[PDB]
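Student: Take a look at the following structure, please.
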Amino acid sequence: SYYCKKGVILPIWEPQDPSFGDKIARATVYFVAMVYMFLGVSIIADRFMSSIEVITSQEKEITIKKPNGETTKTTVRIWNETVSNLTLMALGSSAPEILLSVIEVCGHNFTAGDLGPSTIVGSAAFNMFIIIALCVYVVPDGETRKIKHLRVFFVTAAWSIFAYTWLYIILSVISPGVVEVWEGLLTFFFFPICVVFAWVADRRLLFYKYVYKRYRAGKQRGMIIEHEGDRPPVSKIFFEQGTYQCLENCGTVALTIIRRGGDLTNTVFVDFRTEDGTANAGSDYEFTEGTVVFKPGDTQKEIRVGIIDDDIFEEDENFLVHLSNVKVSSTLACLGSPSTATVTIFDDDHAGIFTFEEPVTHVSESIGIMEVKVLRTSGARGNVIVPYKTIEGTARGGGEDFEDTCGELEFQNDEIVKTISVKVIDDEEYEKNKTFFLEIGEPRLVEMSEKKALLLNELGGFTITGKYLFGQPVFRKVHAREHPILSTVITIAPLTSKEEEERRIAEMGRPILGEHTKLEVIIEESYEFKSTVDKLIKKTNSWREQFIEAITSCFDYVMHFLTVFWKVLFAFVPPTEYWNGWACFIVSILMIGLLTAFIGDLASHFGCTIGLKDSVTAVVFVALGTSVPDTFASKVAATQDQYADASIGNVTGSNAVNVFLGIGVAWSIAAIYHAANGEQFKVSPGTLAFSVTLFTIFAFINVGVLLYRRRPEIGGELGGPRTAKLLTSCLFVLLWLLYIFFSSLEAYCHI
Amino acid sequence: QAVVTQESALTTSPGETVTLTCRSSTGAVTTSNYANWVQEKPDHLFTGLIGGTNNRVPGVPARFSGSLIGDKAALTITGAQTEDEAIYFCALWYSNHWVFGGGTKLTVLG
Amino acid sequence: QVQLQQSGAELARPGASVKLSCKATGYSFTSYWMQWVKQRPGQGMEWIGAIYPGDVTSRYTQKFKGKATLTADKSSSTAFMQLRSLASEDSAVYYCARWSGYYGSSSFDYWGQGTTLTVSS
Ligand SMILES: [Ca+2]
Ligand SMILES: [Ca+2]
Ligand SMILES: [Ca+2]
Ligand SMILES: [Ca+2]
Ligand SMILES: [Ca+2]
Ligand SMILES: [Ca+2]
Ligand code: NA
Ligand code: NA
Ligand code: NA
């Protein structure tokens, strides 16, 4: 239509519908004015996000020790990059959309207009496609950005899409064409669910306190962002060798008999038999007899002697294999040398020698969870309990410098290493040298066979375990902390002086401690934080400073002379150091509220001057104009970070808070005001329904492409191969162009 | 099988500093021998003073310290009191057993 | 307030067997080791062994492996040391000592008052 309703601030240009060239002049003036207000909104929203960054950051005082007497003192601010902080920054960059929706609803006598909801759905489309494509492209070539936390991405993206799905539901499914008080109230109340989820994900889903910390220089004067990172000649018959060697767990040992010399075209018979030496038949090896036959043309025959495995430690033992009774069927063959083989069995049932890798280790305070390996050396037989504890040294740690931990490591059978996790508290110190200790106690063999329990003379209580080892049931010792049935437990409980020696060798194989039983852990300062502080101190009354920075290379001159009026006007905003950033917070959110009051007029009167509908001019112009802070915040988080969690998370949180507060608050106020008068609040669903369903269909395609770029050929969400990078960016921009063009046609009833 | 050897007796005055020696037969006392110093008061009152060659039991007065000097463990008492008159034993941890010293009959004049 | 209290003076005939008790109070009995130590006049001190009552794990010297038996009664928080086949060498004083299980700490933290055992006829 060509008739313009009066705005909140701007009056109607008169007369209406003057001519054709006058429409061109009026639309040109409104368009230039609206672009200039978009530049003003971008600058003031950048300052508003800087104030929010100031509020949610902890202030630290940095002492810089120097070799000379004078030591400089600095004050810095650390901003944690958490989900609860990123959703507040996304709320800060979503202030123009939220304020435009609320101001247009309240200013025009609580009547639903196309402008607010339409620029919010267009903001969803622009954020979801154009900003994500640009963040895909900006990442440097050869570098990849991957979402480490994929569950959080799934939940947040599903919630952000469900926001616009529920916008469809309240307008078309439940009482179509009418927004009730409960519908708008629940739409508003979904936002605290988002905030509580951000807090819970920070506490439990991420374990942010215990991730590796990286620090980067901020955009403000003293701000430092701390984020998650990756934590760094007749024939004769004789033995081939004459002495064979085997382990105890080999099962069988191979002995090679050779017939050599004489004539091969004959049959030879020779007997073999084992004899006990230090090792006894039936306990250490299988007693075997036999006769081997040498065929004509045959020279060597392999015989196999069984070795009995067990659980008891023993010394190196030996037994003898003899050959005898050389015969020839149908002298020609004799018993050669060596006629006797000595087979030696090495035991491997030592329960272990437990030690630390090094006596002293150096860790940074940003390590988060530190892992100390405890090694098991020279045997890994049985399950053993090794107590461990932390000892306070210079690092007085009860949550101050570290978290006290103590307990027991259980090494299973044939397990040769275990880890101890110690929680290191990060304090952001420029210079730190603290010391604590980690000690391990006497190991105890808690799980063994029954015969080993006889040989070790264990007098405790054993509960039979379902496991079977070397063909024997496995028994486990009962601890005092455990309360069993007391019918389940079994007490296993003049020696011939040979069995006494067997017990002594059995006790020689019990678990003991190694070289390093105490670890001295030295907590030191972060190199990344120290280098970032050095970068700050290399390059770093404030009321005067803002005005001096306001007015100060041809492209820089063009941008400076374009934005000098806005910078001079916004230099009257209080600096962020006042009121812990709240002084800048109160004024800027006022100023944004002013500049989205004019835009809501300028976007409206531009539409009716040339006959453009409010929905189309909100989708293509207002949505692109109010998402610029989201564009730069997502680009910075895509470039400077190591993961893609923050860049996509800003888009997703912005899409959620655009609905839950931008539409929720405005339609709650309108529904309550109309319900006070006993009348319904009527919203036309036809314009918004096609836009929100088109957004859902394109958003599922976007999420599918984002998940498909996780393959190792591409490697991650952002960046990656250049040829796939270009295709992904062009695909997403094409999705945005198709969305805005289809919605533009559909607004004019073309369907 | 090792034999731990100490001096028969030591004689000091109050306020002085005294050093007590723990020698191992097999060689040099190391940090893997975990030298314990314990104290026997008259009428069989035993107290554990220093363990692990450095670590001091809480409640032990701070004048007791343990260290390694040369190839032997050592107990240093700085400013010995008249109440420190006792018999001091040193225990060394070998591979699977503890070996105790002879015991120095430390006496303080009064 | 850790206290280890032992039994009284005991006399036994040669070739008999004796059980000696050491009741521990003031700390968690089952999570700590108990050292048993022998003292004779003029021969210094001898370490008989150690016991962990939580699992009833045992350590002994080779000389006292068959001579002494280490048992525990965690219901009454008591450790027992039993000698068999007594001889004239066995007349001594026996002590029990608390150990935390770590070698950096002292292995003989709190001692009992000592039990005198005399073997004569
Ligand atoms: Ca409805
Ligand atoms: Ca064997
Ligand atoms: Ca054997
Ligand atoms: Ca074996
Ligand atoms: Ca084996
Ligand atoms: Ca931190
Ligand atoms: Na935002
Ligand atoms: Na927007
Ligand atoms: Na925005």
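Residues in the structure tokens are named by chain (A, B, ... in the order shown) and by number from 1 within that chain; ligands are numbered from 1 in the order shown.
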Please determine the contact residues of chain C with respect to chain A at a cut-off of 12 Å, counting only C-alpha atoms, and supply them as a PyMOL selection string.

Tutor: chain C and resi 28-33+50-63+65-66+69-75+77+99-105+107

Student: For chain B, report every residue with an atom at most 10 Å from chain A (counting only C-alpha atoms), formatted as number ranges by chain.

Tutor: B: 31-32, 95-96

Student: As a PyMOL selection string, list the residues of chain C assigned to strand (DSSP E) by DSSP on the backbone atoms of this structure.

Tutor: chain C and resi 3-6+10-12+18-25+33-39+45-52+57-60+68-73+78-83+92-99+115-119

Student: Tell me as number ranges by chain which residues belonging to chain B come within 10 Å of chain C, counting only C-alpha atoms.

Tutor: B: 31-38, 43-58, 89-91, 93, 96-103

Student: Deliver the residues from the most recent selection as a file, using N, CA, C and O atoms, as a tab-separated table (two decimals), in the first residue's frame.

Tutor:
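Generated output (out_28.tsv):
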```tsv
chain	number	residue	atom	x	y	z
B	31	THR	N	68.31	-42.41	49.45
B	31	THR	CA	66.93	-42.03	49.71
B	31	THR	C	65.97	-43.20	49.59
B	31	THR	O	64.80	-43.06	49.95
B	32	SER	N	66.43	-44.34	49.08
B	32	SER	CA	65.63	-45.55	49.01
B	32	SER	C	65.74	-46.40	50.27
B	32	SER	O	65.09	-47.45	50.35
B	33	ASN	N	66.55	-45.98	51.24
B	33	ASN	CA	66.64	-46.69	52.51
B	33	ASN	C	65.67	-46.18	53.55
B	33	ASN	O	65.45	-46.87	54.56
B	34	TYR	N	65.09	-44.99	53.34
B	34	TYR	CA	64.01	-44.43	54.16
B	34	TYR	C	64.34	-44.46	55.65
B	34	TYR	O	63.67	-45.11	56.45
B	35	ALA	N	65.41	-43.75	56.00
B	35	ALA	CA	65.95	-43.81	57.35
B	35	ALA	C	64.95	-43.24	58.35
B	35	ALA	O	64.51	-42.09	58.23
B	36	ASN	N	64.58	-44.05	59.34
B	36	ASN	CA	63.74	-43.63	60.45
B	36	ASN	C	64.61	-43.36	61.66
B	36	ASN	O	65.53	-44.13	61.96
B	37	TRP	N	64.32	-42.27	62.36
B	37	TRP	CA	64.92	-41.98	63.65
B	37	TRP	C	63.81	-41.98	64.69
B	37	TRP	O	62.83	-41.23	64.56
B	38	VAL	N	63.95	-42.84	65.70
B	38	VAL	CA	62.99	-42.97	66.78
B	38	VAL	C	63.72	-42.81	68.11
B	38	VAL	O	64.94	-42.99	68.20
B	43	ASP	N	62.31	-45.97	80.92
B	43	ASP	CA	61.17	-46.82	81.27
B	43	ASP	C	60.32	-47.10	80.03
B	43	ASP	O	59.09	-47.07	80.06
B	44	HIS	N	61.00	-47.32	78.90
B	44	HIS	CA	60.42	-47.90	77.69
B	44	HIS	C	59.29	-47.06	77.09
B	44	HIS	O	58.23	-47.57	76.74
B	45	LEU	N	59.52	-45.75	76.99
B	45	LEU	CA	58.63	-44.87	76.24
B	45	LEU	C	59.26	-44.61	74.88
B	45	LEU	O	60.30	-43.96	74.78
B	46	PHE	N	58.61	-45.10	73.82
B	46	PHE	CA	59.13	-44.99	72.47
B	46	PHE	C	58.33	-43.96	71.68
B	46	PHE	O	57.10	-43.90	71.79
B	47	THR	N	59.03	-43.15	70.89
B	47	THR	CA	58.40	-42.13	70.07
B	47	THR	C	59.09	-42.10	68.71
B	47	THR	O	60.32	-42.13	68.63
B	48	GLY	N	58.29	-42.04	67.65
B	48	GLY	CA	58.83	-41.93	66.31
B	48	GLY	C	59.06	-40.48	65.92
B	48	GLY	O	58.12	-39.69	65.90
B	49	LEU	N	60.31	-40.13	65.62
B	49	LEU	CA	60.68	-38.73	65.40
B	49	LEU	C	60.68	-38.34	63.93
B	49	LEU	O	59.89	-37.48	63.52
B	50	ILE	N	61.54	-38.95	63.12
B	50	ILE	CA	61.69	-38.58	61.71
B	50	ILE	C	61.58	-39.81	60.83
B	50	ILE	O	62.16	-40.86	61.14
B	51	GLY	N	60.82	-39.70	59.74
B	51	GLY	CA	60.71	-40.77	58.78
B	51	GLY	C	61.00	-40.27	57.38
B	51	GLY	O	60.87	-39.09	57.07
B	52	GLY	N	61.40	-41.21	56.53
B	52	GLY	CA	61.72	-40.88	55.15
B	52	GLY	C	62.94	-40.03	54.97
B	52	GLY	O	63.08	-39.37	53.93
B	53	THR	N	63.81	-39.97	55.99
B	53	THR	CA	65.11	-39.30	56.04
B	53	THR	C	64.94	-37.77	56.11
B	53	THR	O	65.86	-37.05	56.49
B	54	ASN	N	63.74	-37.28	55.85
B	54	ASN	CA	63.49	-35.85	55.97
B	54	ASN	C	62.23	-35.51	56.76
B	54	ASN	O	62.23	-34.54	57.52
B	55	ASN	N	61.16	-36.30	56.60
B	55	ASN	CA	59.85	-35.89	57.10
B	55	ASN	C	59.77	-36.07	58.61
B	55	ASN	O	60.14	-37.12	59.15
B	56	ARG	N	59.26	-35.05	59.29
B	56	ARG	CA	59.16	-35.02	60.74
B	56	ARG	C	57.72	-35.27	61.17
B	56	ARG	O	56.78	-34.73	60.58
B	57	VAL	N	57.56	-36.09	62.20
B	57	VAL	CA	56.22	-36.40	62.73
B	57	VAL	C	55.63	-35.15	63.36
B	57	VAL	O	56.34	-34.41	64.06
B	58	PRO	N	54.35	-34.84	63.11
B	58	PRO	CA	53.71	-33.72	63.81
B	58	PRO	C	53.72	-33.94	65.32
B	58	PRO	O	53.51	-35.05	65.80
B	89	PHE	N	67.39	-44.55	68.02
B	89	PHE	CA	67.57	-45.66	67.10
B	89	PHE	C	67.31	-45.21	65.67
B	89	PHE	O	66.45	-44.36	65.41
B	90	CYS	N	68.05	-45.80	64.74
B	90	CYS	CA	67.90	-45.56	63.31
B	90	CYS	C	67.55	-46.86	62.62
B	90	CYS	O	68.22	-47.88	62.81
B	91	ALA	N	66.49	-46.83	61.82
B	91	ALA	CA	66.01	-47.99	61.08
B	91	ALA	C	66.14	-47.73	59.59
B	91	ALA	O	65.68	-46.70	59.09
B	93	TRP	N	65.50	-49.19	55.65
B	93	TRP	CA	64.66	-50.07	54.85
B	93	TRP	C	65.50	-50.68	53.74
B	93	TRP	O	65.95	-49.97	52.83
B	96	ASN	N	63.34	-55.95	51.67
B	96	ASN	CA	62.13	-56.52	52.25
B	96	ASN	C	62.11	-56.51	53.78
B	96	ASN	O	61.28	-57.21	54.37
B	97	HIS	N	62.97	-55.74	54.44
B	97	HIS	CA	62.96	-55.72	55.90
B	97	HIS	C	63.58	-54.43	56.41
B	97	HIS	O	64.28	-53.72	55.69
B	98	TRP	N	63.29	-54.13	57.68
B	98	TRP	CA	63.84	-52.99	58.39
B	98	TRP	C	64.97	-53.47	59.29
B	98	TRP	O	64.82	-54.50	59.97
B	99	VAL	N	66.08	-52.75	59.30
B	99	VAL	CA	67.20	-53.06	60.19
B	99	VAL	C	67.43	-51.88	61.13
B	99	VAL	O	67.57	-50.74	60.68
B	100	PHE	N	67.46	-52.16	62.43
B	100	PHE	CA	67.62	-51.15	63.46
B	100	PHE	C	69.08	-51.02	63.87
B	100	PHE	O	69.85	-51.98	63.83
B	101	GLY	N	69.46	-49.81	64.26
B	101	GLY	CA	70.80	-49.55	64.76
B	101	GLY	C	70.97	-49.98	66.20
B	101	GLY	O	70.05	-50.44	66.87
B	102	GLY	N	72.21	-49.84	66.68
B	102	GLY	CA	72.50	-50.18	68.06
B	102	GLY	C	71.83	-49.27	69.06
B	102	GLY	O	71.42	-49.71	70.13
B	103	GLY	N	71.72	-47.98	68.73
B	103	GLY	CA	71.11	-47.02	69.63
B	103	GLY	C	72.13	-46.16	70.34
B	103	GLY	O	72.95	-46.68	71.10
```

Student: Kindly assemble as CSV a list of the chain A residues that lie within 10 Å of ligand 5, each paired with its nearest atom pair and their distance in Å to one decimal, using only C-alpha atoms and all ligand atoms, sorted first by chain and then by ascending residue number.

Tutor:
```
residue,atom,partner,partner_atom_place_in_ligand_line,distance
A:247,CA,ligand 5,1 (Ca),7.7
A:248,CA,ligand 5,1 (Ca),4.9
A:249,CA,ligand 5,1 (Ca),5.1
A:250,CA,ligand 5,1 (Ca),8.8
A:251,CA,ligand 5,1 (Ca),9.8
A:284,CA,ligand 5,1 (Ca),10.0
A:307,CA,ligand 5,1 (Ca),9.8
A:308,CA,ligand 5,1 (Ca),8.4
A:309,CA,ligand 5,1 (Ca),5.0
A:310,CA,ligand 5,1 (Ca),5.1
A:311,CA,ligand 5,1 (Ca),5.7
A:312,CA,ligand 5,1 (Ca),7.4
A:313,CA,ligand 5,1 (Ca),7.8
A:314,CA,ligand 5,1 (Ca),9.1
A:345,CA,ligand 5,1 (Ca),9.8
A:346,CA,ligand 5,1 (Ca),8.5
A:347,CA,ligand 5,1 (Ca),5.7
A:348,CA,ligand 5,1 (Ca),4.8
A:349,CA,ligand 5,1 (Ca),5.0
A:350,CA,ligand 5,1 (Ca),8.7
A:379,CA,ligand 5,1 (Ca),9.7
A:381,CA,ligand 5,1 (Ca),8.1
A:470,CA,ligand 5,1 (Ca),8.4
```

Student: Residues as selected, N, CA, C and O atoms, written as a PDB file, in the first residue's frame, can you do that?

Tutor:
```pdb
ATOM      1  N   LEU A 247      59.570 -69.471  27.918  1.00  0.00           N
ATOM      2  CA  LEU A 247      58.840 -68.856  29.011  1.00  0.00           C
ATOM      3  C   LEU A 247      57.869 -69.864  29.617  1.00  0.00           C
ATOM      4  O   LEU A 247      57.650 -70.956  29.086  1.00  0.00           O
ATOM      5  N   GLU A 248      57.282 -69.490  30.749  1.00  0.00           N
ATOM      6  CA  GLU A 248      56.335 -70.384  31.402  1.00  0.00           C
ATOM      7  C   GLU A 248      54.983 -70.399  30.701  1.00  0.00           C
ATOM      8  O   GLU A 248      54.282 -71.415  30.745  1.00  0.00           O
ATOM      9  N   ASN A 249      54.602 -69.299  30.053  1.00  0.00           N
ATOM     10  CA  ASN A 249      53.307 -69.192  29.397  1.00  0.00           C
ATOM     11  C   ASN A 249      53.356 -69.558  27.918  1.00  0.00           C
ATOM     12  O   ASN A 249      52.415 -69.242  27.181  1.00  0.00           O
ATOM     13  N   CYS A 250      54.429 -70.211  27.466  1.00  0.00           N
ATOM     14  CA  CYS A 250      54.497 -70.632  26.070  1.00  0.00           C
ATOM     15  C   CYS A 250      53.498 -71.742  25.772  1.00  0.00           C
ATOM     16  O   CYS A 250      53.012 -71.849  24.641  1.00  0.00           O
ATOM     17  N   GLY A 251      53.183 -72.568  26.763  1.00  0.00           N
ATOM     18  CA  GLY A 251      52.301 -73.699  26.565  1.00  0.00           C
ATOM     19  C   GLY A 251      53.065 -74.958  26.214  1.00  0.00           C
ATOM     20  O   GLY A 251      52.979 -75.962  26.926  1.00  0.00           O
ATOM     21  N   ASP A 284      55.614 -78.209  36.896  1.00  0.00           N
ATOM     22  CA  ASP A 284      56.217 -77.187  36.053  1.00  0.00           C
ATOM     23  C   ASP A 284      56.178 -77.515  34.570  1.00  0.00           C
ATOM     24  O   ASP A 284      56.208 -76.599  33.749  1.00  0.00           O
ATOM     25  N   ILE A 307      54.514 -77.203  28.829  1.00  0.00           N
ATOM     26  CA  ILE A 307      54.959 -76.408  29.966  1.00  0.00           C
ATOM     27  C   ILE A 307      53.720 -75.966  30.730  1.00  0.00           C
ATOM     28  O   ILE A 307      52.850 -75.285  30.172  1.00  0.00           O
ATOM     29  N   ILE A 308      53.636 -76.352  31.998  1.00  0.00           N
ATOM     30  CA  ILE A 308      52.465 -76.045  32.812  1.00  0.00           C
ATOM     31  C   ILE A 308      52.586 -74.625  33.347  1.00  0.00           C
ATOM     32  O   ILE A 308      53.535 -74.298  34.066  1.00  0.00           O
ATOM     33  N   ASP A 309      51.624 -73.781  32.993  1.00  0.00           N
ATOM     34  CA  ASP A 309      51.561 -72.426  33.509  1.00  0.00           C
ATOM     35  C   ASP A 309      50.875 -72.409  34.870  1.00  0.00           C
ATOM     36  O   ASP A 309      50.043 -73.261  35.189  1.00  0.00           O
ATOM     37  N   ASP A 310      51.233 -71.414  35.674  1.00  0.00           N
ATOM     38  CA  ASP A 310      50.651 -71.245  36.998  1.00  0.00           C
ATOM     39  C   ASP A 310      50.718 -69.769  37.382  1.00  0.00           C
ATOM     40  O   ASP A 310      51.022 -68.904  36.556  1.00  0.00           O
ATOM     41  N   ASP A 311      50.438 -69.489  38.651  1.00  0.00           N
ATOM     42  CA  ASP A 311      50.331 -68.130  39.153  1.00  0.00           C
ATOM     43  C   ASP A 311      51.463 -67.806  40.124  1.00  0.00           C
ATOM     44  O   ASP A 311      51.758 -66.631  40.355  1.00  0.00           O
ATOM     45  N   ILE A 312      52.148 -68.813  40.636  1.00  0.00           N
ATOM     46  CA  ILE A 312      53.152 -68.658  41.682  1.00  0.00           C
ATOM     47  C   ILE A 312      54.469 -68.204  41.067  1.00  0.00           C
ATOM     48  O   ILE A 312      54.863 -68.677  39.996  1.00  0.00           O
ATOM     49  N   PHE A 313      55.151 -67.282  41.743  1.00  0.00           N
ATOM     50  CA  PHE A 313      56.493 -66.895  41.331  1.00  0.00           C
ATOM     51  C   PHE A 313      57.478 -68.022  41.619  1.00  0.00           C
ATOM     52  O   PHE A 313      57.402 -68.688  42.653  1.00  0.00           O
ATOM     53  N   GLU A 314      58.410 -68.229  40.690  1.00  0.00           N
ATOM     54  CA  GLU A 314      59.465 -69.219  40.843  1.00  0.00           C
ATOM     55  C   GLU A 314      60.741 -68.647  40.247  1.00  0.00           C
ATOM     56  O   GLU A 314      60.719 -67.634  39.545  1.00  0.00           O
ATOM     57  N   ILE A 345      62.972 -73.060  31.931  1.00  0.00           N
ATOM     58  CA  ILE A 345      61.730 -72.308  32.037  1.00  0.00           C
ATOM     59  C   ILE A 345      62.001 -71.044  32.840  1.00  0.00           C
ATOM     60  O   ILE A 345      62.505 -71.110  33.973  1.00  0.00           O
ATOM     61  N   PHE A 346      61.683 -69.898  32.236  1.00  0.00           N
ATOM     62  CA  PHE A 346      61.679 -68.608  32.913  1.00  0.00           C
ATOM     63  C   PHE A 346      60.288 -68.344  33.470  1.00  0.00           C
ATOM     64  O   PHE A 346      59.301 -68.382  32.728  1.00  0.00           O
ATOM     65  N   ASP A 347      60.205 -68.072  34.767  1.00  0.00           N
ATOM     66  CA  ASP A 347      58.939 -67.646  35.334  1.00  0.00           C
ATOM     67  C   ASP A 347      58.640 -66.206  34.921  1.00  0.00           C
ATOM     68  O   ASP A 347      59.536 -65.418  34.612  1.00  0.00           O
ATOM     69  N   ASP A 348      57.347 -65.873  34.917  1.00  0.00           N
ATOM     70  CA  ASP A 348      56.901 -64.520  34.617  1.00  0.00           C
ATOM     71  C   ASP A 348      55.768 -64.087  35.538  1.00  0.00           C
ATOM     72  O   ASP A 348      54.955 -63.236  35.164  1.00  0.00           O
ATOM     73  N   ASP A 349      55.695 -64.654  36.741  1.00  0.00           N
ATOM     74  CA  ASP A 349      54.618 -64.352  37.682  1.00  0.00           C
ATOM     75  C   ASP A 349      55.073 -63.435  38.809  1.00  0.00           C
ATOM     76  O   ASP A 349      54.624 -63.573  39.948  1.00  0.00           O
ATOM     77  N   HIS A 350      55.962 -62.490  38.523  1.00  0.00           N
ATOM     78  CA  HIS A 350      56.279 -61.450  39.487  1.00  0.00           C
ATOM     79  C   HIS A 350      55.145 -60.435  39.496  1.00  0.00           C
ATOM     80  O   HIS A 350      54.658 -60.022  38.442  1.00  0.00           O
ATOM     81  N   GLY A 379      56.990 -57.722  35.482  1.00  0.00           N
ATOM     82  CA  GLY A 379      55.922 -58.613  35.883  1.00  0.00           C
ATOM     83  C   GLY A 379      54.616 -57.887  36.102  1.00  0.00           C
ATOM     84  O   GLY A 379      54.602 -56.782  36.652  1.00  0.00           O
ATOM     85  N   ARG A 381      51.510 -59.753  37.175  1.00  0.00           N
ATOM     86  CA  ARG A 381      50.677 -60.882  37.563  1.00  0.00           C
ATOM     87  C   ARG A 381      49.773 -60.501  38.727  1.00  0.00           C
ATOM     88  O   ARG A 381      50.236 -59.935  39.722  1.00  0.00           O
ATOM     89  N   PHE A 470      44.615 -69.533  34.174  1.00  0.00           N
ATOM     90  CA  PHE A 470      45.465 -70.718  33.999  1.00  0.00           C
ATOM     91  C   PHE A 470      44.752 -71.997  34.436  1.00  0.00           C
ATOM     92  O   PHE A 470      45.371 -72.922  34.965  1.00  0.00           O
TER      93      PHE A 470
END
```

Student: Could you tell me, counting only C-alpha atoms and all ligand atoms, which protein and nucleic acid residues lie no more than 7 Å from ligand 7, written as a list in words?

Tutor: residues 89, 90, 91, 92, 93, 94, 630, 650, 651, 653 and 654 of chain A

Student: Could you please extract the residues within 7 Å of ligand 9, counting only C-alpha atoms and all ligand atoms, and hand them back as a PyMOL selection string?

Tutor: chain A and resi 93-97+626-630

Student: I need the chosen residues saved as a short mmCIF file (atom, residue, chain, number, x, y, z; two decimals), in the first residue's frame, with N, CA, C and O atoms.

Tutor:
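File part-v4.cif, as written:
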```cif
data_model
loop_
_atom_site.label_atom_id
_atom_site.label_comp_id
_atom_site.auth_asym_id
_atom_site.auth_seq_id
_atom_site.Cartn_x
_atom_site.Cartn_y
_atom_site.Cartn_z
N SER A 93 24.34 -8.87 21.70
CA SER A 93 24.31 -8.60 20.27
C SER A 93 22.91 -8.76 19.67
O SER A 93 22.71 -8.38 18.51
N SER A 94 21.96 -9.31 20.41
CA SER A 94 20.57 -9.41 19.98
C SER A 94 19.70 -8.29 20.52
O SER A 94 18.47 -8.37 20.40
N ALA A 95 20.29 -7.28 21.14
CA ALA A 95 19.51 -6.15 21.65
C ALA A 95 18.76 -5.37 20.57
O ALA A 95 17.61 -4.99 20.83
N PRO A 96 19.32 -5.07 19.38
CA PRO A 96 18.52 -4.34 18.37
C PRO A 96 17.23 -5.04 17.96
O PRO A 96 16.20 -4.38 17.88
N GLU A 97 17.26 -6.36 17.75
CA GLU A 97 16.05 -7.06 17.32
C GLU A 97 15.00 -7.07 18.42
O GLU A 97 13.82 -6.80 18.17
N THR A 626 20.67 -5.38 11.43
CA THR A 626 20.76 -5.56 12.87
C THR A 626 21.58 -6.78 13.29
O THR A 626 21.75 -7.00 14.49
N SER A 627 22.08 -7.57 12.34
CA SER A 627 22.90 -8.73 12.66
C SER A 627 24.39 -8.47 12.50
O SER A 627 25.18 -9.41 12.59
N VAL A 628 24.79 -7.22 12.27
CA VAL A 628 26.22 -6.91 12.10
C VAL A 628 27.03 -7.19 13.36
O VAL A 628 28.14 -7.74 13.25
N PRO A 629 26.58 -6.83 14.58
CA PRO A 629 27.33 -7.25 15.77
C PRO A 629 27.49 -8.76 15.89
O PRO A 629 28.56 -9.23 16.30
N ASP A 630 26.46 -9.53 15.53
CA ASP A 630 26.59 -10.98 15.50
C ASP A 630 27.61 -11.41 14.47
O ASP A 630 28.38 -12.35 14.72
#
```

Student: Can you pull out every residue within 7 Å of region 11-28 of chain B, counting only C-alpha atoms, but drop anything in the same chain fewer than 2 positions away, and send it as number ranges by chain?

Tutor: B: 2-6, 9, 30, 71-82, 90, 106-109

Student: Counting only C-alpha atoms, what is within 9 Å of region 720-727 of chain A, bar same-chain residues fewer than 2 positions away, as a ChimeraX atom specification?

Tutor: /A:133,136-137,139-145,709,713-718,729-732

Student: Could you give me the residues within 8 Å of ligand 3, counting only C-alpha atoms and all ligand atoms, as a PyMOL selection string?

Tutor: chain A and resi 278-280+283-284+314-315+317

Student: Go ahead and write the residues just picked, N, CA, C and O atoms, as a tab-separated table (two decimals), in the first residue's frame.

Tutor:
```tsv
chain	number	residue	atom	x	y	z
A	278	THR	N	65.68	-79.25	38.11
A	278	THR	CA	65.14	-78.34	39.11
A	278	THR	C	63.63	-78.26	39.02
A	278	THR	O	62.94	-78.13	40.04
A	279	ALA	N	63.08	-78.39	37.81
A	279	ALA	CA	61.64	-78.40	37.59
A	279	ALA	C	61.12	-79.82	37.63
A	279	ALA	O	61.76	-80.75	37.12
A	280	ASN	N	59.96	-80.00	38.25
A	280	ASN	CA	59.38	-81.32	38.48
A	280	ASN	C	58.23	-81.57	37.52
A	280	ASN	O	57.46	-80.65	37.20
A	283	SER	N	54.07	-80.46	37.74
A	283	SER	CA	53.92	-79.16	38.38
A	283	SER	C	54.48	-78.01	37.56
A	283	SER	O	53.88	-76.93	37.52
A	284	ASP	N	55.61	-78.21	36.90
A	284	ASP	CA	56.22	-77.19	36.05
A	284	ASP	C	56.18	-77.51	34.57
A	284	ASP	O	56.21	-76.60	33.75
A	314	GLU	N	58.41	-68.23	40.69
A	314	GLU	CA	59.47	-69.22	40.84
A	314	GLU	C	60.74	-68.65	40.25
A	314	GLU	O	60.72	-67.63	39.55
A	315	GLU	N	61.86	-69.29	40.55
A	315	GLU	CA	63.10	-68.94	39.89
A	315	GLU	C	63.21	-69.67	38.55
A	315	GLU	O	62.33	-70.42	38.15
A	317	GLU	N	64.13	-72.44	36.14
A	317	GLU	CA	64.25	-73.87	36.41
A	317	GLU	C	64.60	-74.61	35.12
A	317	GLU	O	64.56	-74.03	34.04
```
